[PDB]
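Below: start.pdb (PDB, N, CA, C and O atoms)
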ATOM      1  N   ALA P   1     -13.290  16.037 -20.010
ATOM      2  CA  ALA P   1     -12.529  16.700 -18.913
ATOM      3  C   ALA P   1     -11.477  15.732 -18.366
ATOM      4  O   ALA P   1     -10.476  16.139 -17.812
ATOM      5  N   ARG P   2     -11.696  14.455 -18.517
ATOM      6  CA  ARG P   2     -10.710  13.462 -18.004
ATOM      7  C   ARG P   2     -10.507  12.361 -19.048
ATOM      8  O   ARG P   2     -11.312  12.183 -19.940
ATOM      9  N   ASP P   3      -9.438  11.618 -18.944
ATOM     10  CA  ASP P   3      -9.191  10.530 -19.929
ATOM     11  C   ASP P   3      -9.722   9.212 -19.363
ATOM     12  O   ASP P   3      -9.643   8.959 -18.176
ATOM     13  N   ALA P   4     -10.270   8.372 -20.197
ATOM     14  CA  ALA P   4     -10.817   7.082 -19.698
ATOM     15  C   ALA P   4      -9.824   5.946 -19.954
ATOM     16  O   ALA P   4      -9.312   5.339 -19.034
ATOM     17  N   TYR P   5      -9.565   5.642 -21.195
ATOM     18  CA  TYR P   5      -8.623   4.528 -21.513
ATOM     19  C   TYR P   5      -7.320   5.088 -22.084
ATOM     20  O   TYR P   5      -6.424   4.348 -22.441
ATOM     21  N   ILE P   6      -7.212   6.384 -22.189
ATOM     22  CA  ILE P   6      -5.976   6.986 -22.761
ATOM     23  C   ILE P   6      -5.138   7.633 -21.658
ATOM     24  O   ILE P   6      -5.656   8.233 -20.737
ATOM     25  N   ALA P   7      -3.842   7.517 -21.755
ATOM     26  CA  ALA P   7      -2.949   8.123 -20.730
ATOM     27  C   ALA P   7      -1.882   8.961 -21.434
ATOM     28  O   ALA P   7      -1.302   9.860 -20.859
ATOM     29  N   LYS P   8      -1.622   8.668 -22.678
ATOM     30  CA  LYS P   8      -0.596   9.436 -23.432
ATOM     31  C   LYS P   8      -1.300  10.405 -24.388
ATOM     32  O   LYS P   8      -2.440  10.200 -24.753
ATOM     33  N   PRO P   9      -0.626  11.456 -24.783
ATOM     34  CA  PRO P   9      -1.180  12.489 -25.705
ATOM     35  C   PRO P   9      -2.144  11.914 -26.757
ATOM     36  O   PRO P   9      -3.240  11.495 -26.441
ATOM     37  N   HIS P  10      -1.759  11.903 -28.004
ATOM     38  CA  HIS P  10      -2.666  11.365 -29.057
ATOM     39  C   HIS P  10      -2.490   9.849 -29.150
ATOM     40  O   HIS P  10      -3.163   9.181 -29.909
ATOM     41  N   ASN P  11      -1.588   9.303 -28.384
ATOM     42  CA  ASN P  11      -1.362   7.833 -28.425
ATOM     43  C   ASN P  11      -2.074   7.174 -27.241
ATOM     44  O   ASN P  11      -2.259   7.777 -26.204
ATOM     45  N   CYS P  12      -2.477   5.942 -27.392
ATOM     46  CA  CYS P  12      -3.183   5.240 -26.283
ATOM     47  C   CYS P  12      -2.263   4.179 -25.682
ATOM     48  O   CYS P  12      -1.248   3.829 -26.252
ATOM     49  N   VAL P  13      -2.607   3.662 -24.535
ATOM     50  CA  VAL P  13      -1.749   2.622 -23.902
ATOM     51  C   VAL P  13      -2.049   1.264 -24.544
ATOM     52  O   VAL P  13      -3.191   0.885 -24.712
ATOM     53  N   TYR P  14      -1.032   0.530 -24.907
ATOM     54  CA  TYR P  14      -1.262  -0.799 -25.541
ATOM     55  C   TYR P  14      -2.026  -1.703 -24.573
ATOM     56  O   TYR P  14      -2.929  -2.417 -24.958
ATOM     57  N   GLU P  15      -1.674  -1.673 -23.315
ATOM     58  CA  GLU P  15      -2.385  -2.525 -22.320
ATOM     59  C   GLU P  15      -1.860  -2.211 -20.921
ATOM     60  O   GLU P  15      -0.885  -2.785 -20.475
ATOM     61  N   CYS P  16      -2.494  -1.316 -20.217
ATOM     62  CA  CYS P  16      -2.017  -0.994 -18.847
ATOM     63  C   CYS P  16      -2.267  -2.203 -17.947
ATOM     64  O   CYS P  16      -3.322  -2.803 -17.981
ATOM     65  N   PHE P  17      -1.299  -2.572 -17.155
ATOM     66  CA  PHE P  17      -1.471  -3.756 -16.267
ATOM     67  C   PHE P  17      -1.572  -3.287 -14.814
ATOM     68  O   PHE P  17      -2.004  -2.184 -14.541
ATOM     69  N   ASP P  18      -1.187  -4.108 -13.877
ATOM     70  CA  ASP P  18      -1.277  -3.691 -12.450
ATOM     71  C   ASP P  18      -0.468  -2.409 -12.250
ATOM     72  O   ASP P  18       0.608  -2.248 -12.790
ATOM     73  N   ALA P  19      -0.985  -1.492 -11.480
ATOM     74  CA  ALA P  19      -0.259  -0.215 -11.245
ATOM     75  C   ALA P  19       0.872  -0.438 -10.239
ATOM     76  O   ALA P  19       1.493   0.498  -9.775
ATOM     77  N   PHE P  20       1.147  -1.667  -9.896
ATOM     78  CA  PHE P  20       2.240  -1.932  -8.920
ATOM     79  C   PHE P  20       3.508  -1.217  -9.391
ATOM     80  O   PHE P  20       4.211  -0.603  -8.613
ATOM     81  N   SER P  21       3.797  -1.282 -10.661
ATOM     82  CA  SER P  21       5.008  -0.595 -11.186
ATOM     83  C   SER P  21       4.664   0.866 -11.474
ATOM     84  O   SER P  21       5.450   1.602 -12.036
ATOM     85  N   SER P  22       3.487   1.288 -11.098
ATOM     86  CA  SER P  22       3.082   2.699 -11.351
ATOM     87  C   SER P  22       3.242   3.014 -12.839
ATOM     88  O   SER P  22       3.455   4.148 -13.221
ATOM     89  N   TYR P  23       3.146   2.024 -13.682
ATOM     90  CA  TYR P  23       3.295   2.274 -15.145
ATOM     91  C   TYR P  23       2.218   3.256 -15.611
ATOM     92  O   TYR P  23       2.505   4.268 -16.221
ATOM     93  N   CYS P  24       0.981   2.969 -15.319
ATOM     94  CA  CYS P  24      -0.112   3.888 -15.738
ATOM     95  C   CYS P  24       0.032   5.204 -14.979
ATOM     96  O   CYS P  24       0.057   6.273 -15.559
ATOM     97  N   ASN P  25       0.136   5.130 -13.683
ATOM     98  CA  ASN P  25       0.290   6.369 -12.878
ATOM     99  C   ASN P  25       1.543   7.103 -13.347
ATOM    100  O   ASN P  25       1.586   8.316 -13.392
ATOM    101  N   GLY P  26       2.563   6.371 -13.702
ATOM    102  CA  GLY P  26       3.817   7.018 -14.172
ATOM    103  C   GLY P  26       3.506   7.918 -15.365
ATOM    104  O   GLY P  26       3.985   9.029 -15.455
ATOM    105  N   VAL P  27       2.700   7.453 -16.282
ATOM    106  CA  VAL P  27       2.365   8.302 -17.460
ATOM    107  C   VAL P  27       1.624   9.551 -16.981
ATOM    108  O   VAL P  27       1.937  10.659 -17.368
ATOM    109  N   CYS P  28       0.650   9.379 -16.132
ATOM    110  CA  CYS P  28      -0.107  10.553 -15.612
ATOM    111  C   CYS P  28       0.787  11.365 -14.664
ATOM    112  O   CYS P  28       0.583  12.544 -14.459
ATOM    113  N   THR P  29       1.769  10.734 -14.076
ATOM    114  CA  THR P  29       2.675  11.450 -13.125
ATOM    115  C   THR P  29       3.453  12.564 -13.835
ATOM    116  O   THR P  29       3.808  13.559 -13.234
ATOM    117  N   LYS P  30       3.741  12.405 -15.096
ATOM    118  CA  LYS P  30       4.519  13.455 -15.820
ATOM    119  C   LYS P  30       3.868  14.824 -15.619
ATOM    120  O   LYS P  30       4.539  15.836 -15.555
ATOM    121  N   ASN P  31       2.570  14.871 -15.513
ATOM    122  CA  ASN P  31       1.891  16.182 -15.311
ATOM    123  C   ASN P  31       2.459  16.861 -14.063
ATOM    124  O   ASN P  31       2.551  18.069 -13.986
ATOM    125  N   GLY P  32       2.825  16.087 -13.076
ATOM    126  CA  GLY P  32       3.372  16.681 -11.824
ATOM    127  C   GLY P  32       2.279  16.692 -10.754
ATOM    128  O   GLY P  32       2.474  17.169  -9.654
ATOM    129  N   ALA P  33       1.128  16.160 -11.069
ATOM    130  CA  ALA P  33       0.017  16.128 -10.075
ATOM    131  C   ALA P  33      -1.146  15.327 -10.650
ATOM    132  O   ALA P  33      -1.935  14.749  -9.928
ATOM    133  N   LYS P  34      -1.256  15.283 -11.948
ATOM    134  CA  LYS P  34      -2.363  14.515 -12.574
ATOM    135  C   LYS P  34      -2.352  13.099 -12.008
ATOM    136  O   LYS P  34      -1.305  12.508 -11.835
ATOM    137  N   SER P  35      -3.502  12.555 -11.700
ATOM    138  CA  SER P  35      -3.533  11.180 -11.126
ATOM    139  C   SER P  35      -4.304  10.240 -12.053
ATOM    140  O   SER P  35      -5.367  10.567 -12.542
ATOM    141  N   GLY P  36      -3.779   9.067 -12.292
ATOM    142  CA  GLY P  36      -4.487   8.103 -13.177
ATOM    143  C   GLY P  36      -4.280   6.672 -12.677
ATOM    144  O   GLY P  36      -3.374   6.392 -11.917
ATOM    145  N   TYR P  37      -5.107   5.761 -13.114
ATOM    146  CA  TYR P  37      -4.957   4.341 -12.689
ATOM    147  C   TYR P  37      -5.244   3.429 -13.884
ATOM    148  O   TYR P  37      -5.683   3.876 -14.924
ATOM    149  N   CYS P  38      -4.967   2.157 -13.763
ATOM    150  CA  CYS P  38      -5.192   1.235 -14.915
ATOM    151  C   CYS P  38      -6.513   0.483 -14.763
ATOM    152  O   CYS P  38      -6.752  -0.191 -13.780
ATOM    153  N   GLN P  39      -7.364   0.585 -15.750
ATOM    154  CA  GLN P  39      -8.672  -0.128 -15.702
ATOM    155  C   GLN P  39      -8.749  -1.091 -16.891
ATOM    156  O   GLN P  39      -7.776  -1.730 -17.245
ATOM    157  N   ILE P  40      -9.892  -1.195 -17.516
ATOM    158  CA  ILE P  40     -10.022  -2.116 -18.681
ATOM    159  C   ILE P  40     -10.199  -1.303 -19.963
ATOM    160  O   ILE P  40     -10.852  -0.277 -19.975
ATOM    161  N   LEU P  41      -9.622  -1.754 -21.043
ATOM    162  CA  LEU P  41      -9.754  -1.011 -22.327
ATOM    163  C   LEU P  41     -11.236  -0.893 -22.690
ATOM    164  O   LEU P  41     -11.683   0.110 -23.211
ATOM    165  N   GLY P  42     -11.998  -1.915 -22.419
ATOM    166  CA  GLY P  42     -13.451  -1.880 -22.742
ATOM    167  C   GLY P  42     -13.852  -3.231 -23.329
ATOM    168  O   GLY P  42     -14.693  -3.930 -22.800
ATOM    169  N   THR P  43     -13.237  -3.610 -24.414
ATOM    170  CA  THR P  43     -13.556  -4.920 -25.037
ATOM    171  C   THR P  43     -12.436  -5.907 -24.711
ATOM    172  O   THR P  43     -12.606  -6.828 -23.936
ATOM    173  N   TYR P  44     -11.287  -5.710 -25.296
ATOM    174  CA  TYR P  44     -10.136  -6.617 -25.028
ATOM    175  C   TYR P  44      -8.913  -5.780 -24.641
ATOM    176  O   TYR P  44      -8.747  -4.664 -25.093
ATOM    177  N   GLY P  45      -8.056  -6.308 -23.814
ATOM    178  CA  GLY P  45      -6.843  -5.540 -23.406
ATOM    179  C   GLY P  45      -7.151  -4.698 -22.165
ATOM    180  O   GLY P  45      -8.166  -4.872 -21.519
ATOM    181  N   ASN P  46      -6.272  -3.793 -21.823
ATOM    182  CA  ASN P  46      -6.485  -2.939 -20.628
ATOM    183  C   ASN P  46      -6.501  -1.466 -21.046
ATOM    184  O   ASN P  46      -6.096  -1.120 -22.137
ATOM    185  N   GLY P  47      -6.966  -0.594 -20.187
ATOM    186  CA  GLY P  47      -7.003   0.855 -20.547
ATOM    187  C   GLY P  47      -6.483   1.695 -19.380
ATOM    188  O   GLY P  47      -6.597   1.317 -18.230
ATOM    189  N   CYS P  48      -5.917   2.837 -19.663
ATOM    190  CA  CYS P  48      -5.392   3.701 -18.570
ATOM    191  C   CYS P  48      -6.398   4.808 -18.260
ATOM    192  O   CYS P  48      -7.012   5.369 -19.146
ATOM    193  N   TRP P  49      -6.566   5.124 -17.006
ATOM    194  CA  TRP P  49      -7.525   6.191 -16.621
ATOM    195  C   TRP P  49      -6.750   7.373 -16.035
ATOM    196  O   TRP P  49      -5.949   7.211 -15.136
ATOM    197  N   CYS P  50      -6.984   8.559 -16.531
ATOM    198  CA  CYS P  50      -6.263   9.751 -15.996
ATOM    199  C   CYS P  50      -7.288  10.810 -15.582
ATOM    200  O   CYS P  50      -8.251  11.057 -16.280
ATOM    201  N   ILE P  51      -7.103  11.418 -14.434
ATOM    202  CA  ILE P  51      -8.080  12.438 -13.956
ATOM    203  C   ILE P  51      -7.422  13.815 -13.830
ATOM    204  O   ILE P  51      -6.319  13.953 -13.327
ATOM    205  N   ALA P  52      -8.114  14.833 -14.282
ATOM    206  CA  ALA P  52      -7.589  16.228 -14.206
ATOM    207  C   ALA P  52      -8.379  17.102 -15.180
ATOM    208  O   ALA P  52      -9.123  16.604 -16.002
ATOM    209  N   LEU P  53      -8.225  18.397 -15.102
ATOM    210  CA  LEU P  53      -8.969  19.294 -16.032
ATOM    211  C   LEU P  53      -7.996  20.274 -16.691
ATOM    212  O   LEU P  53      -7.973  21.445 -16.371
ATOM    213  N   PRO P  54      -7.211  19.795 -17.615
ATOM    214  CA  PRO P  54      -6.227  20.638 -18.348
ATOM    215  C   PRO P  54      -6.879  21.911 -18.891
ATOM    216  O   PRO P  54      -8.032  22.188 -18.617
ATOM    217  N   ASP P  55      -6.166  22.688 -19.655
ATOM    218  CA  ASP P  55      -6.774  23.932 -20.201
ATOM    219  C   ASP P  55      -8.094  23.575 -20.885
ATOM    220  O   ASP P  55      -9.071  24.291 -20.779
ATOM    221  N   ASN P  56      -8.131  22.464 -21.572
ATOM    222  CA  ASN P  56      -9.384  22.033 -22.263
ATOM    223  C   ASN P  56      -9.033  21.024 -23.359
ATOM    224  O   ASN P  56      -7.896  20.621 -23.505
ATOM    225  N   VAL P  57      -9.999  20.618 -24.136
ATOM    226  CA  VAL P  57      -9.718  19.643 -25.228
ATOM    227  C   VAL P  57      -9.092  18.373 -24.641
ATOM    228  O   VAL P  57      -7.933  18.086 -24.867
ATOM    229  N   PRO P  58      -9.855  17.619 -23.896
ATOM    230  CA  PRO P  58      -9.373  16.357 -23.267
ATOM    231  C   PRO P  58      -9.263  15.213 -24.282
ATOM    232  O   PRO P  58      -8.186  14.732 -24.571
ATOM    233  N   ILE P  59     -10.371  14.786 -24.827
ATOM    234  CA  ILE P  59     -10.339  13.683 -25.830
ATOM    235  C   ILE P  59     -10.856  14.210 -27.171
ATOM    236  O   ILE P  59     -11.941  14.753 -27.254
ATOM    237  N   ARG P  60     -10.092  14.051 -28.217
ATOM    238  CA  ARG P  60     -10.537  14.537 -29.553
ATOM    239  C   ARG P  60     -10.757  13.340 -30.476
ATOM    240  O   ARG P  60     -11.090  13.489 -31.636
ATOM    241  N   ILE P  61     -10.567  12.151 -29.971
ATOM    242  CA  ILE P  61     -10.756  10.938 -30.816
ATOM    243  C   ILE P  61     -11.617   9.921 -30.061
ATOM    244  O   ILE P  61     -11.661   9.917 -28.848
ATOM    245  N   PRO P  62     -12.290   9.055 -30.776
ATOM    246  CA  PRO P  62     -13.153   8.005 -30.163
ATOM    247  C   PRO P  62     -12.363   7.112 -29.202
ATOM    248  O   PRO P  62     -12.896   6.199 -28.603
ATOM    249  N   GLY P  63     -11.092   7.371 -29.059
ATOM    250  CA  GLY P  63     -10.259   6.541 -28.146
ATOM    251  C   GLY P  63      -9.429   5.558 -28.971
ATOM    252  O   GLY P  63      -8.647   4.793 -28.443
ATOM    253  N   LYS P  64      -9.591   5.574 -30.267
ATOM    254  CA  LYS P  64      -8.809   4.645 -31.126
ATOM    255  C   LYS P  64      -7.446   5.267 -31.441
ATOM    256  O   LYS P  64      -7.354   6.406 -31.854
ATOM    257  N   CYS P  65      -6.389   4.524 -31.251
ATOM    258  CA  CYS P  65      -5.027   5.062 -31.538
ATOM    259  C   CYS P  65      -4.402   4.276 -32.693
ATOM    260  O   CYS P  65      -4.795   3.165 -32.987
ATOM    261  N   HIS P  66      -3.429   4.846 -33.349
ATOM    262  CA  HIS P  66      -2.777   4.134 -34.485
ATOM    263  C   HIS P  66      -2.018   2.916 -33.955
ATOM    264  O   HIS P  66      -0.802   2.908 -34.061
TER     265      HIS P  66
END
Please rewrite the model in this file as structure tokens.
Amino acid sequence: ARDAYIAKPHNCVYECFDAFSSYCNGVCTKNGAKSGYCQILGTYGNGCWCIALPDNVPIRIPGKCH
């Protein structure tokens, strides 16, 4: 229902940093209301967090991006 480390469609964020530049929120901002923040990727790097309940089909991949 929500994204954990992904903020872009089928692509993931290389490394979300401080949201001071609203970089992570900026990606979630495109929705026009969706809200997201930058957390940790999990192992190494950073991950973007986005909250909302689109029509459906939130995450279709283990979170790994090309």
(request) Taking the chain letters and numbering used in this document, name the residues of segment 7-58 of chain P that DSSP puts in strand (DSSP E), as a PyMOL selection string. (result) chain P and resi 35-40+46-51
(message) Could you list, as a VMD selection string, every residue matched by the PyMOL selection byres ((chain P and resi 52) around 7) in this structure?
(response) chain P and resid 1 to 3 34 to 35 50 to 51 53 to 54
(request) Kindly indicate which residue among P:42, P:32, P:47, P:26 lies nearest to residue 4 of chain P, using all atoms listed in the file for the distances. (result) P:47
(message) I want to know what sits within 5 Å of segment 58-65 of chain P, based on only N, CA, C and O atoms, with residues of the same chain fewer than 2 positions away left out; could you give that as an MDAnalysis selection string?
(response) chainID P and resid 10 12 56
(request) With the file shown as input, list the residues that the PyMOL selection byres ((chain P and resi 13) around 8) selects, as a ChimeraX atom specification. (result) /P:5-8,10-12,14-16,41,44-48,63,65
Go ahead and write the selection's residues with N, CA, C and O atoms as an mmCIF file, in the frame of the given file.
data_model
loop_
_atom_site.group_PDB
_atom_site.id
_atom_site.type_symbol
_atom_site.label_atom_id
_atom_site.label_comp_id
_atom_site.auth_asym_id
_atom_site.auth_seq_id
_atom_site.Cartn_x
_atom_site.Cartn_y
_atom_site.Cartn_z
ATOM 1 N N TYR P 5 -9.565 5.642 -21.195
ATOM 2 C CA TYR P 5 -8.623 4.528 -21.513
ATOM 3 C C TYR P 5 -7.320 5.088 -22.084
ATOM 4 O O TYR P 5 -6.424 4.348 -22.441
ATOM 5 N N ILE P 6 -7.212 6.384 -22.189
ATOM 6 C CA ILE P 6 -5.976 6.986 -22.761
ATOM 7 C C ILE P 6 -5.138 7.633 -21.658
ATOM 8 O O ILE P 6 -5.656 8.233 -20.737
ATOM 9 N N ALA P 7 -3.842 7.517 -21.755
ATOM 10 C CA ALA P 7 -2.949 8.123 -20.730
ATOM 11 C C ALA P 7 -1.882 8.961 -21.434
ATOM 12 O O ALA P 7 -1.302 9.860 -20.859
ATOM 13 N N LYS P 8 -1.622 8.668 -22.678
ATOM 14 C CA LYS P 8 -0.596 9.436 -23.432
ATOM 15 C C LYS P 8 -1.300 10.405 -24.388
ATOM 16 O O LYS P 8 -2.440 10.200 -24.753
ATOM 17 N N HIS P 10 -1.759 11.903 -28.004
ATOM 18 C CA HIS P 10 -2.666 11.365 -29.057
ATOM 19 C C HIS P 10 -2.490 9.849 -29.150
ATOM 20 O O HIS P 10 -3.163 9.181 -29.909
ATOM 21 N N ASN P 11 -1.588 9.303 -28.384
ATOM 22 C CA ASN P 11 -1.362 7.833 -28.425
ATOM 23 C C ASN P 11 -2.074 7.174 -27.241
ATOM 24 O O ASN P 11 -2.259 7.777 -26.204
ATOM 25 N N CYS P 12 -2.477 5.942 -27.392
ATOM 26 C CA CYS P 12 -3.183 5.240 -26.283
ATOM 27 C C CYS P 12 -2.263 4.179 -25.682
ATOM 28 O O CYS P 12 -1.248 3.829 -26.252
ATOM 29 N N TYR P 14 -1.032 0.530 -24.907
ATOM 30 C CA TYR P 14 -1.262 -0.799 -25.541
ATOM 31 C C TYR P 14 -2.026 -1.703 -24.573
ATOM 32 O O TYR P 14 -2.929 -2.417 -24.958
ATOM 33 N N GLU P 15 -1.674 -1.673 -23.315
ATOM 34 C CA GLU P 15 -2.385 -2.525 -22.320
ATOM 35 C C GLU P 15 -1.860 -2.211 -20.921
ATOM 36 O O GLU P 15 -0.885 -2.785 -20.475
ATOM 37 N N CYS P 16 -2.494 -1.316 -20.217
ATOM 38 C CA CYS P 16 -2.017 -0.994 -18.847
ATOM 39 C C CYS P 16 -2.267 -2.203 -17.947
ATOM 40 O O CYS P 16 -3.322 -2.803 -17.981
ATOM 41 N N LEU P 41 -9.622 -1.754 -21.043
ATOM 42 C CA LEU P 41 -9.754 -1.011 -22.327
ATOM 43 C C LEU P 41 -11.236 -0.893 -22.690
ATOM 44 O O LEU P 41 -11.683 0.110 -23.211
ATOM 45 N N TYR P 44 -11.287 -5.710 -25.296
ATOM 46 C CA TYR P 44 -10.136 -6.617 -25.028
ATOM 47 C C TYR P 44 -8.913 -5.780 -24.641
ATOM 48 O O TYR P 44 -8.747 -4.664 -25.093
ATOM 49 N N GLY P 45 -8.056 -6.308 -23.814
ATOM 50 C CA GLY P 45 -6.843 -5.540 -23.406
ATOM 51 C C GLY P 45 -7.151 -4.698 -22.165
ATOM 52 O O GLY P 45 -8.166 -4.872 -21.519
ATOM 53 N N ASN P 46 -6.272 -3.793 -21.823
ATOM 54 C CA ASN P 46 -6.485 -2.939 -20.628
ATOM 55 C C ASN P 46 -6.501 -1.466 -21.046
ATOM 56 O O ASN P 46 -6.096 -1.120 -22.137
ATOM 57 N N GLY P 47 -6.966 -0.594 -20.187
ATOM 58 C CA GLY P 47 -7.003 0.855 -20.547
ATOM 59 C C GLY P 47 -6.483 1.695 -19.380
ATOM 60 O O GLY P 47 -6.597 1.317 -18.230
ATOM 61 N N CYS P 48 -5.917 2.837 -19.663
ATOM 62 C CA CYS P 48 -5.392 3.701 -18.570
ATOM 63 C C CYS P 48 -6.398 4.808 -18.260
ATOM 64 O O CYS P 48 -7.012 5.369 -19.146
ATOM 65 N N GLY P 63 -11.092 7.371 -29.059
ATOM 66 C CA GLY P 63 -10.259 6.541 -28.146
ATOM 67 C C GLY P 63 -9.429 5.558 -28.971
ATOM 68 O O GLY P 63 -8.647 4.793 -28.443
ATOM 69 N N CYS P 65 -6.389 4.524 -31.251
ATOM 70 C CA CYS P 65 -5.027 5.062 -31.538
ATOM 71 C C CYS P 65 -4.402 4.276 -32.693
ATOM 72 O O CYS P 65 -4.795 3.165 -32.987
#
